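The structure tokens that follow cover one protein chain in two forms, given apart as structure 1 and structure 2.
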Structure 1
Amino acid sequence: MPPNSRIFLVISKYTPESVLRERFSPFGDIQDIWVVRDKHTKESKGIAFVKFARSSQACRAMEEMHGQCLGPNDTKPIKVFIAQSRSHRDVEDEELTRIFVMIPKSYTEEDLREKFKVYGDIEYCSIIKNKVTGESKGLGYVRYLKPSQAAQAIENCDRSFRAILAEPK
């Protein structure tokens, strides 16, 4: 259950778990499907959660299923977001596209770009440089276009890079 691998859905209250399963299984390994219902009336509240094995699967499902219709009888389109674990119910895409990496100090900006462009569209790319010596601090930032690309980078690149999403201090 890696971070950012659970999605939150706003769906029709007549949408069962089976529809969600058959429509979201192609994106990856589903570990849980939870349509929120009233504990006393057992009636769906029109919200759902789907848990994937990898954050890239959840991000792709969110990017490809947001705005779709889950049934001709089910009327209005659904909304899909990345569910946040901490105490709105959704993460913002700005918090999902930029990764922080540890690079060898010999990496130029072009080295980082060539090593990380294989995971998606690099929107911005920079390396933290020691102002005094003018040399790299061994730290880099890569902001992609889609959250799925950042997740693919995080879970596919070498473990020496210690790739992780950027986050406030």
Structure 2
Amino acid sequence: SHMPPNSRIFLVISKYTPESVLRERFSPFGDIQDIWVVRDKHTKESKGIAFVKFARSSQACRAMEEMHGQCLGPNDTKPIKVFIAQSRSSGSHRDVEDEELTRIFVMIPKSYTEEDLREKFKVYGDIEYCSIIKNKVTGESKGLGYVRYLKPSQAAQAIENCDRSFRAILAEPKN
């Protein structure tokens, strides 16, 4: 229902954009599992808010990257906003920032240098920065590393496609 994480997008749309237009415009980006136009309890009208759940986080991220800022109708004045949605549990409505989506955390052989890591992970997208966690006295690698990509979908692709022995997960922010 909510698996995998970061596979649901949050939309700020026109109150007059129906679910069918969301399906037509967002289905190219992946396997849609649920489209949900949020309606006001008292008027039963759209609040101008929607959720779209995709089968993969990479699909949700590509949808966000391509569709944020687009318009969906002639009567629509403002562009739509598309974010990765917060979970139902907790998630105090705060917008997920791109910095929380672009960096992955991997287990790697001790022999890897930062350029070895970049070589193995450049195939999933444009890498902004690679680092390896080392003993800062001796310089020896602790076998853990970070890869930050330019786009959230690139980090999602890496997590979904790289060898399972890397144990690739989204990296928590430092603070």
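We call the rigid core whatever largest set of C-alpha positions still superposes within 1.5 Å between the two forms. Structure 1 provides the reference sequence; residues are numbered from 1 along it.
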property: Which of the two shown structures is the form deposited with the DNA bound; result: 2
property: Threshold 2 Å Cα movement between structure 1 and structure 2 for residue 45, core superposed; result: no
property: Core-aligned C-alpha movement of residue 68 between structure 1 and structure 2, 2 Å or more; result: no
property: Core-aligned C-alpha movement of residue 134 between structure 1 and structure 2 reaching 2 Å; result: yes
property: Following rigid core superposition, Cα shift of residue 106 between structure 1 and structure 2 in Å; result: 1.3
